[PDB]
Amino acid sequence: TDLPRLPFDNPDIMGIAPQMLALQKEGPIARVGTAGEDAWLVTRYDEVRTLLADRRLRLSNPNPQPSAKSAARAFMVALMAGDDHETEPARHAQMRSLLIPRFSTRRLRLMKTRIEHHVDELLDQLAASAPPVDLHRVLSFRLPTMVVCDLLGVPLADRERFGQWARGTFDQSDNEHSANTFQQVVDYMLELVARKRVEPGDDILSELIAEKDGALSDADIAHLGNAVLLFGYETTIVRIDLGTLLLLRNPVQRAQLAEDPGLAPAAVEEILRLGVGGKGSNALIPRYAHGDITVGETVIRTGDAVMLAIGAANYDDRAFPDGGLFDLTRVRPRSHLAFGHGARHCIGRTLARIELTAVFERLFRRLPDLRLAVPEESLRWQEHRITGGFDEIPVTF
């Protein structure tokens, strides 16, 4: 008897840690240690999906003495309206109600055209440069930050100011750095809201200023813009880096994609499903039980912490036959859980798919000989950041 302790070791730079797979074959739910409180870890797809849709399972902590968390996690939960369990129902409903209409078909179609031109321009630059080139810096980071600038209605150069603020806000290793970084986001957002009040445009804060005939406080609006800035680019960057690495590992599928860019949507769903980095700590959705729940034969009691392993679930043979294999031809793939599910289902997920699709429509058709310029083993997943990610992807082509 040995209590498994998160995070588990991963000898590979991607995938699911061996011990996590071992637990998943044993059963759907396991008691594990973590950096703080012990938690139920749910590993199989069926149970993860069902509990993500169970409203007794909430982001907010209902416990009388909530355990102290990193500043990073505290900011993340606060941005998701999860910091006060008594107000979370009304606050979270308002948050989704105000943000979902910002991702309208009209905005997404215009965004798609611009995204497509931007990738073409990014790849022409990449192709004109001399190897070795950091693909992370000149492609992965640049497209999603471009998109956030357009969402917020600010010049592209602004991403040179804010492009590391998600990383800094979500650094679990340094509470002081986390708070200084978030203070910069807050300052920047408030200045931006004040300007959109007198110089609006076709962007999301202008629409929020106009919403509820302006009943929303500037702080309400800046809060929603902080969620857009801080969630709107970093994960997409990481998925671009991860998707490149997966397609380099699977040359048969990659060549198919280069030949037929109509396979890009399929590739993108496989990228999202299999794209798990390092120890995959960001592929765990955290929740607390607000009521008793029976899972398998395990009783989750009110107040317990629950780790919902969407990465492990996405690899689950029960849902995806040979779940570890990259396959563009998965007939009618069970919807992966990489955007979550249920009440907090990712709000930017159509935008992210549009971005990823534009990228992988073009990348290996524009640079078919693109390959890693360093061994895979030299790529370092940043475990201390809630959002993880690699810091550089050296490539030749």
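So that there is no doubt, residue numbering starts at 1 and follows the sequence shown.
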69 to 77 versus 162 to 170: which one carries the higher mean Cα B factor per the record? 69 to 77
Higher-B stretch (mean Cα B-factor, as the entry records it), 227 to 235 or 82 to 90: 82 to 90
Would you mind checking which of 213, 203, 316, 121 has the top Cα temperature factor in the PDB entry? 213
Identify, among 16, 13, 386, 374, the residue whose C-alpha carries the highest B-factor in the deposited PDB entry. 374
Residue 303 - Cα temperature factor, lowest/middle/highest third of chain: middle
For residue 39, return the chain-relative third of its C-alpha B-factor as stated in the PDB record: lowest, middle or highest. highest
For the chain shown, is the CA B-factor of residue 277 in the lowest, middle or highest third of its modelled residues? middle
Compare the C-alpha B factor of residue 326 with those of the other modelled residues in its chain, then answer lowest, middle or highest third. highest
Chain-relative C-alpha B factor for residue 140 (record values, thirds): the lowest
